[PDB]
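Here the structure is laid out as structure tokens; the discussion comes afterwards.
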Amino acid sequence: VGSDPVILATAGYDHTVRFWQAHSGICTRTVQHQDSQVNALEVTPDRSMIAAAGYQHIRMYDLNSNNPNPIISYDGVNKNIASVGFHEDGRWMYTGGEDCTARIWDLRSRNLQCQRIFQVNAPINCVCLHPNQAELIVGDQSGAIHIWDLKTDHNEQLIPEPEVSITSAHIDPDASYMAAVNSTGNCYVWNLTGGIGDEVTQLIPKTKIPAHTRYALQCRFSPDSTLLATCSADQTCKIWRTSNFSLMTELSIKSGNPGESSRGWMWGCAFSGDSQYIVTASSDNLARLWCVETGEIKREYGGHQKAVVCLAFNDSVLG
Amino acid sequence: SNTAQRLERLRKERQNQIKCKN
């Protein structure tokens, strides 16, 4: 069930997606996702359904009732779906597939046909909606960032560095910056559109922040737009500031022992409405809850039987 | 008669099968 202002779920390789709440770390509902693994899951902004996307299908799971089955399934693509998302009023789906495409879907059982396709020469790894719900970022395995506006049908392509695949990109809800990470850990931050009027979409490279010697897998802002957390394959999650882009906080799950040899990577993270407590998904068969100030963990959920690669954490707007 | 049991099998599983939209 999901009749609560805050919700939390994780997904991975154990063929289940777990829902729980951060009161005592006990699971509420284990929804059965079989025949594939979940790349990414997202909850609907009306807080009625959740969506798990992995390997050629997007499965909806109901939140108000107790149903372990995929009520609505979307198929048609031929490979994986890296990331999905919805309009903030629940009108259209932006889904980035593994093969070559970033497409739109219509959520109503009617012939509206607001669905378009965007085709590039590379397998795409990340999609990100603009906070004004007008533009969209595509990030692929050739290091290219396709700024595609849904009003027109022409798209900008930007290459900071070729020969390296970029993995994630995100824009803070205050619309201040745009950061992105690649497969060597470099995190470039361009200044986004300042042209609120007619969507001119000018970008100037502000900084590149060199960290994360291993692969950097996900970078996300905060809703307060004062912090930015990024997770990397050296079993670390580091939160930086937006003032001078220095290191605010460092978190690690490393045991300090040479007998483990990277027992689990840092796959995903998310902020809260206060930007005070974060929830992190590591591949050590459990998820953690940390604070952005004291450094030490505050909570743990270890009900999974395999690694987990994606997690969803939304709460109420007040915070 | 094998066809009657196969018909029973198909109707019983088809009753549970069709419950979702693709």
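Letters A, B, ... mark the chains of the structure tokens in the order given; residue numbers begin at 1 per chain; ligand numbers begin at 1, in order shown.
Counting only C-alpha atoms, every residue of chain A that comes within 10 Å of chain B is listed here: residues 57, 58, 59, 69, 70, 71, 72, 73, 74, 75 and 76 of chain A.
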Output for the residues just chosen: N, CA, C and O atoms as a compact mmCIF listing (two decimals), in the first residue's frame:
# COMPACT_ATOMS: atom_id res chain seq x y z
N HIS A 57 10.25 -3.99 -21.71
CA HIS A 57 8.91 -3.79 -21.20
C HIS A 57 8.93 -2.81 -20.03
O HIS A 57 9.88 -2.77 -19.26
N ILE A 58 7.86 -2.03 -19.94
CA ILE A 58 7.64 -1.11 -18.83
C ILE A 58 6.38 -1.57 -18.10
O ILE A 58 5.29 -1.55 -18.69
N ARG A 59 6.53 -1.95 -16.84
CA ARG A 59 5.44 -2.55 -16.08
C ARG A 59 4.97 -1.59 -15.01
O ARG A 59 5.78 -1.04 -14.26
N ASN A 69 0.95 -7.91 -9.54
CA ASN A 69 1.04 -8.17 -10.97
C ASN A 69 1.17 -6.87 -11.76
O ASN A 69 0.69 -5.82 -11.33
N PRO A 70 1.82 -6.92 -12.93
CA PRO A 70 1.92 -5.73 -13.80
C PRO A 70 0.62 -5.39 -14.51
O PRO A 70 0.35 -5.94 -15.58
N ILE A 71 -0.19 -4.51 -13.89
CA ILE A 71 -1.53 -4.15 -14.38
C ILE A 71 -1.49 -3.64 -15.82
O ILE A 71 -2.29 -4.05 -16.66
N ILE A 72 -0.58 -2.71 -16.11
CA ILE A 72 -0.41 -2.19 -17.46
C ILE A 72 1.03 -2.44 -17.90
O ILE A 72 1.98 -2.05 -17.19
N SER A 73 1.20 -3.06 -19.06
CA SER A 73 2.52 -3.35 -19.60
C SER A 73 2.69 -2.63 -20.93
O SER A 73 1.77 -2.61 -21.75
N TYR A 74 3.86 -2.04 -21.13
CA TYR A 74 4.22 -1.39 -22.38
C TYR A 74 5.34 -2.18 -23.04
O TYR A 74 6.38 -2.43 -22.43
N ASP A 75 5.13 -2.53 -24.31
CA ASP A 75 6.10 -3.25 -25.11
C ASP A 75 6.17 -2.60 -26.49
O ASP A 75 5.40 -1.70 -26.82
N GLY A 76 7.13 -3.06 -27.29
CA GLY A 76 7.29 -2.53 -28.63
C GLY A 76 8.74 -2.28 -28.98
O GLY A 76 9.14 -2.40 -30.14
task = Determine, counting only C-alpha atoms, which protein, DNA and RNA residues have an atom within 10 Å of an atom of stretch 263-265 of chain A; residues of the same chain fewer than 6 positions away are not included. Present the result as a list in words.
result =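 Contacts, in chain order: residues 215, 216, 217, 231, 232, 233, 234, 235, 236, 237, 253, 254, 255, 281, 282, 283, 284, 285, 307, 308 and 309 of chain A.
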Export of the given selection (C-alpha atoms) as a PDB file, in the first residue's frame:
ATOM      1  CA  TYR A 215      33.288   4.628 -13.138  1.00  0.00           C
ATOM      2  CA  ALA A 216      30.761   7.253 -12.015  1.00  0.00           C
ATOM      3  CA  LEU A 217      27.286   5.834 -12.368  1.00  0.00           C
ATOM      4  CA  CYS A 231      27.869   7.877  -6.782  1.00  0.00           C
ATOM      5  CA  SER A 232      30.874   6.037  -8.194  1.00  0.00           C
ATOM      6  CA  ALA A 233      32.380   2.565  -8.507  1.00  0.00           C
ATOM      7  CA  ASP A 234      34.995   3.104  -5.776  1.00  0.00           C
ATOM      8  CA  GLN A 235      32.122   2.339  -3.314  1.00  0.00           C
ATOM      9  CA  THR A 236      31.702   6.069  -2.568  1.00  0.00           C
ATOM     10  CA  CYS A 237      28.919   8.657  -2.660  1.00  0.00           C
ATOM     11  CA  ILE A 253      30.851   1.699   2.413  1.00  0.00           C
ATOM     12  CA  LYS A 254      34.431   0.412   2.176  1.00  0.00           C
ATOM     13  CA  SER A 255      35.327  -1.985   4.982  1.00  0.00           C
ATOM     14  CA  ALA A 281      21.296   2.028  -3.075  1.00  0.00           C
ATOM     15  CA  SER A 282      24.467  -0.053  -2.952  1.00  0.00           C
ATOM     16  CA  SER A 283      24.927  -3.480  -4.513  1.00  0.00           C
ATOM     17  CA  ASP A 284      25.746  -5.125  -1.149  1.00  0.00           C
ATOM     18  CA  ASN A 285      22.171  -6.595  -1.148  1.00  0.00           C
ATOM     19  CA  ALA A 307      22.114  -6.718  -5.620  1.00  0.00           C
ATOM     20  CA  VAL A 308      19.909  -3.658  -6.174  1.00  0.00           C
ATOM     21  CA  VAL A 309      20.530  -1.154  -8.966  1.00  0.00           C
TER      22      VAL A 309
END
Expected answer as a PyMOL selection string: helix (DSSP H, G or I) residues in chain B = chain B and resi 2-17
Expected file: the selected residues, N, CA, C and O atoms, as a tab-separated table (two decimals), in the first residue's frame:
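Printed below is result.tsv as written:
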chain	number	residue	atom	x	y	z
B	2	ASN	N	-8.28	-37.20	-24.30
B	2	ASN	CA	-7.25	-36.20	-24.02
B	2	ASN	C	-7.67	-34.80	-24.42
B	2	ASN	O	-7.21	-33.82	-23.81
B	3	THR	N	-8.54	-34.69	-25.43
B	3	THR	CA	-8.96	-33.38	-25.93
B	3	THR	C	-9.82	-32.64	-24.91
B	3	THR	O	-9.73	-31.42	-24.80
B	4	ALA	N	-10.64	-33.38	-24.14
B	4	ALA	CA	-11.47	-32.75	-23.12
B	4	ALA	C	-10.63	-32.21	-21.97
B	4	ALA	O	-10.89	-31.11	-21.46
B	5	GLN	N	-9.62	-32.97	-21.54
B	5	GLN	CA	-8.72	-32.48	-20.49
B	5	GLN	C	-7.87	-31.32	-20.97
B	5	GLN	O	-7.60	-30.39	-20.20
B	6	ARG	N	-7.45	-31.34	-22.24
B	6	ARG	CA	-6.72	-30.19	-22.79
B	6	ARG	C	-7.61	-28.96	-22.90
B	6	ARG	O	-7.15	-27.83	-22.66
B	7	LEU	N	-8.88	-29.15	-23.23
B	7	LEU	CA	-9.84	-28.04	-23.27
B	7	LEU	C	-10.08	-27.48	-21.87
B	7	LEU	O	-10.14	-26.26	-21.69
B	8	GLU	N	-10.21	-28.37	-20.87
B	8	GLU	CA	-10.32	-27.95	-19.48
B	8	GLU	C	-9.09	-27.17	-19.03
B	8	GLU	O	-9.23	-26.13	-18.36
B	9	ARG	N	-7.90	-27.65	-19.39
B	9	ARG	CA	-6.65	-26.97	-19.08
B	9	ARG	C	-6.61	-25.58	-19.69
B	9	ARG	O	-6.29	-24.60	-19.00
B	10	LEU	N	-6.95	-25.47	-20.98
B	10	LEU	CA	-6.86	-24.19	-21.67
B	10	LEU	C	-7.88	-23.19	-21.15
B	10	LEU	O	-7.54	-22.02	-20.95
B	11	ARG	N	-9.11	-23.63	-20.87
B	11	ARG	CA	-10.12	-22.72	-20.33
B	11	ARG	C	-9.77	-22.28	-18.91
B	11	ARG	O	-9.93	-21.10	-18.56
B	12	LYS	N	-9.27	-23.21	-18.08
B	12	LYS	CA	-8.91	-22.89	-16.70
B	12	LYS	C	-7.75	-21.90	-16.64
B	12	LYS	O	-7.77	-20.96	-15.84
B	13	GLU	N	-6.73	-22.07	-17.49
B	13	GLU	CA	-5.62	-21.13	-17.46
B	13	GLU	C	-5.94	-19.84	-18.21
B	13	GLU	O	-5.38	-18.79	-17.88
B	14	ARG	N	-6.82	-19.90	-19.21
B	14	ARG	CA	-7.23	-18.70	-19.93
B	14	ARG	C	-8.11	-17.80	-19.08
B	14	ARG	O	-8.16	-16.58	-19.30
B	15	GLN	N	-8.85	-18.39	-18.13
B	15	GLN	CA	-9.62	-17.58	-17.19
B	15	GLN	C	-8.72	-16.72	-16.32
B	15	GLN	O	-9.01	-15.54	-16.07
B	16	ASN	N	-7.61	-17.29	-15.83
B	16	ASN	CA	-6.68	-16.53	-15.00
B	16	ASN	C	-5.75	-15.66	-15.83
B	16	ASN	O	-5.23	-14.66	-15.32
B	17	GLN	N	-5.51	-16.03	-17.09
B	17	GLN	CA	-4.46	-15.40	-17.89
B	17	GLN	C	-4.81	-13.97	-18.27
B	17	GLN	O	-4.00	-13.05	-18.09
request  = Find the residues around stretch 291-304 of chain A up to 10 Å (only C-alpha atoms counted), leave out those fewer than 6 positions away in its own chain, and share them as a VMD selection string.
outcome  = chain A and resid 10 to 18 20 to 27 30 227 229 238 to 239 248 to 253 271 275 to 281 284 to 285
key: Residue nearest residue A:89 among A:3, A:184, A:67, A:44 (counting only C-alpha atoms)   =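 Using only C-alpha atoms, the shortest distance to residue A:89 belongs to A:44.
Here atom CA of residue A:179 is placed at a distance of 7.6 Å from atom CA of residue A:219.
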